[PDB]
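Values below: every heavy atom of this structure, side chains too, minus hydrogens, waters and symmetry copies. Sequence lines set the chain letters: A, B, ... in the order given, protein chains first and strands last, and positions in each chain run from 1.
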Amino acid sequence: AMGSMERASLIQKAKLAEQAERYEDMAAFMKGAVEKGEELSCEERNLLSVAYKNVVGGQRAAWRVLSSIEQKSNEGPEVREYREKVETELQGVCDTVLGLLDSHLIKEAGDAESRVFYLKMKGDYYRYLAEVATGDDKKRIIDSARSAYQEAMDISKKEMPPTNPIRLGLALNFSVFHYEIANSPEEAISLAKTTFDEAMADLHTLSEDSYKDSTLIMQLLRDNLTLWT
Amino acid sequence: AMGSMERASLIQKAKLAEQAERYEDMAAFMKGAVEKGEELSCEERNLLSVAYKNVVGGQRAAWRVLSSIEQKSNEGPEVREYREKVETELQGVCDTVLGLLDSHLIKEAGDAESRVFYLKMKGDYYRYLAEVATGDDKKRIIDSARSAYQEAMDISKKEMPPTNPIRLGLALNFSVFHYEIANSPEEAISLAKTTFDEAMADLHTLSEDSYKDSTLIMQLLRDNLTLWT
Amino acid sequence: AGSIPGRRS
Amino acid sequence: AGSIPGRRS
Ligand SMILES: *Cc1ccc(S(=O)(=O)Nc2ccn(C)n2)cc1
Ligand SMILES: *Cc1ccc(S(=O)(=O)Nc2ccn(C)n2)cc1
Ligand SMILES: [Cl-]
Ligand SMILES: [Cl-]
Ligand SMILES: [Cl-]
Ligand SMILES: [Cl-]
C-alpha cells in the first residue's frame with residue numbers, strides 16, 4: 001500500500017493525521033509504512049497501534065449500538081443488514097491488522113519490547129473478532145486470542161520488569177479477555193490483582209516519569225477490580 | 001447511488017447510521033435516497049443535511065489543523081501535500097452536495113419550507129468551498145454563496161414568520177458568511193441584530209414547543225453578537 | 001463565530 | 001471493564 005510514498009513521509013503524515021484526528025488516514029499511512037518491510041521503532045509501533053485502535057474502536061462502538069437495536073427488535077431486514085455491513089467492515093480491519101502482524105512484523109521481532117507489543121496486538125484483534133463471532137469459529141477465534149496473549153505474557157514475565165507499561169497493558173487487556181470473552185471472571189480478577197501488587201512492589205525502582213507511566217496503567221487495573229468485585 | 005436498495009430502506013438505514021454516529025454511511029444512504037428522484041419530506045431533508053454537515057464538519061476541522069501547521073512551517077512537502085489531500089476530499093463532498101441540490105432538489109422544491117432549506121444548504125456548501133479557496137475562483141465561489149443565501153432570505157422574508165427556525169438558521173449562517181467570508185462584519189452584526197429583534201417580537205405567537213425551538217437559535221445569534229461587539 | 005451546529009437530528 | 005484506551009500517541 002502507498003508504494004510510491006517514502007517510508008519517512010508515510011510516518012510524518014501518520015503523525016499529522018493523528019493531529020487532525022483522521023484515524024483512517026493514519027492507519028493507511030502506517031499500513032504503507034509497515035509494508036515497506038523494515039522493522040518499526042518504538043514510536044512507530046505506537047503510531048500503528050494508535051491508528052488501528054481508533055479505527056476499530058469506532059467500528060466496535062457502532063456495532064454495539066446496532067446490535068442493541070437488533071436485539072430489541074427480536075423481543076424488516078434493515079437493522080440486521082446494516083449491523084452485518086458494519087460487522088463485515090470491522091472484521092476486515094481486524095484481518096488487515098492480523099495480516100500485518102503475520103507478514104511479517106512478528107517473525108522479525110526479536111527484542112522483548114517489540115515481540116510482546118505485537119503479540120499483545122495480535123491478542124487484541126482476535127479479541128475484537130471474538131466480540132462479534134457467533135458461528136463455528138467462535139471457539140477457534142477465542143483460542144487464537146488466548147494463545148497470542150499467553151505467549152506475550154510468558155515473554156513479558158521473563159524479560160520485562162513488573163512495572164513495564166507494555167507488560168501492564170498486556171495484563172490489563174488479557175484480564176479483560178478473561179472477563180468479557182472467556183467467561184473466566186475469577187481468572188480476570190486474579191490476574192489484575194497479581195499484576196497490580198507486583199507492580200506496586202517495583203515502583204520504588206522508577207524515576208518520576210516512569211512512575212507516572214506505570215501508576216496510570218495500574219489505576220486502570222484497579223478501576224476494573226472495583227467494577228468486578 | 002445505492003440503486004438496488006429501496007428508498008424506505010435507505011431512509012431507515014440513514015437513521016440507524018445517525019444513531020451509530022456513522023455519518024459517512026448516513027450521507028451515502030441519503031445520497032441514494034435523493035437519487036431515487038422523489039422529493040424529500042421535512043424529516044428527510046433534515047437527515048440529508050445532518051449527514052453531510054457532520055462529514056464536512058470533520059473535514060473542515062482537519063483542514064484547519066493542517067492549515068495551521070502548514071502556516072507555522074512557512075514562517076519537506078508532506079504537510080502541504082496532506083493538507084491538499086484533505087482539502088480535495090472536502091471539495092469533493094461539497095461538490096457532491098451541490099450536485100444533489102442542482103440535480104434536482106432545488107428545481108422541484110416549490111414550497112417555501114423546502115426551497116429555503118435547500119438554498120440555505122447551497123449557500124453553506126459554497127461557503128465551505130470559499131473557506132479553502134485561494135485561486136482565480138475565490139471571488140466567484142463567494143458570489144455563489146451570497147447569491148444562494150440572498151435568494152433564500154428573500155423567500156423566507158416573504159413566506160415565513162420571523163421565528164421560523166429555518167429562517168433563523170438561514171440568517172445566522174448568512175451573518176457568519178458576512179463576518180467570516182465576505183469581510184463585512186457590520187453587515188453580519190446588522191443582520192444578526194435585526195433577525196434577533198424581529199424574532200423576539202413574534203415569540204408571543206408561539207406554543208411552548210415552538211418557543212423553545214426559536215429561542216434556541218436566537219441564543220446562537222446572541223452568542224455571535226457577543227463575540228462580534 | 002458559530003453557524004448552526006446542525007449535526008444532530 | 002476497560003481495556004487500555006490506547007487511542008492517543
Ligand atoms: C498496550 C499498551 C500500549 C501502549 C502503552 S503506553 O506506552 O504506556 N501508553 C499508554 C499508557 C496508558 N495509556 C492509557 N496509554 C501501554 C500499553
Ligand atoms: C439550517 C437549519 C437546520 C435545522 C434547523 S432546526 O429544525 O430548528 N434544528 C436545530 C435548531 C437549532 N439547532 C442547533 N438545530 C434550523 C436551521
Ligand atoms: Cl446495509
Ligand atoms: Cl529483528
Ligand atoms: Cl498525502
Ligand atoms: Cl414540488
**Q.** Criterion salt bridge (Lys or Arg N to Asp or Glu O under 4.0 Å) against B/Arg7, the qualifying member of B/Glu38, B/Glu35, B/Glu39, B/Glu44
**A.** B/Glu44
Q.
Which atoms of A/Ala8 are under 4.5 Å from chain B, going by heavy atoms: the side chain, the backbone, both sets, or neither?
A. neither
Q | Proximity breakdown for A/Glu78 and chain B, heavy-atom pairs closer than 4.5 Å | A | both
Q) More than 12 foreign heavy atoms under 6.0 Å from CD of A/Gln19: is that the case here? A) yes
Q: Decide, yes or no, whether a salt bridge links A/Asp124 with A/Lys53 under the criterion of side-chain N to carboxylate O below 4.0 Å.
A: yes
Q. Do you know which of B/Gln12, B/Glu6, B/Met5 has the most heavy-atom pairs under 4.5 Å to chain A?
A. B/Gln12
(Q) Pair A/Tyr52, A/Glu24 - check side chain to side chain contact (heavy atoms under 4.5 Å, CB included), show working. (A) CA-CA 8 Å; A/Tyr52 278 106; A/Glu24 167 163 3; over 6 Å; no
Q) Under a 4.5 Å heavy-atom cutoff, which of A/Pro77, A/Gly58, A/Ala62 has the most pairs with chain B? A) A/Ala62
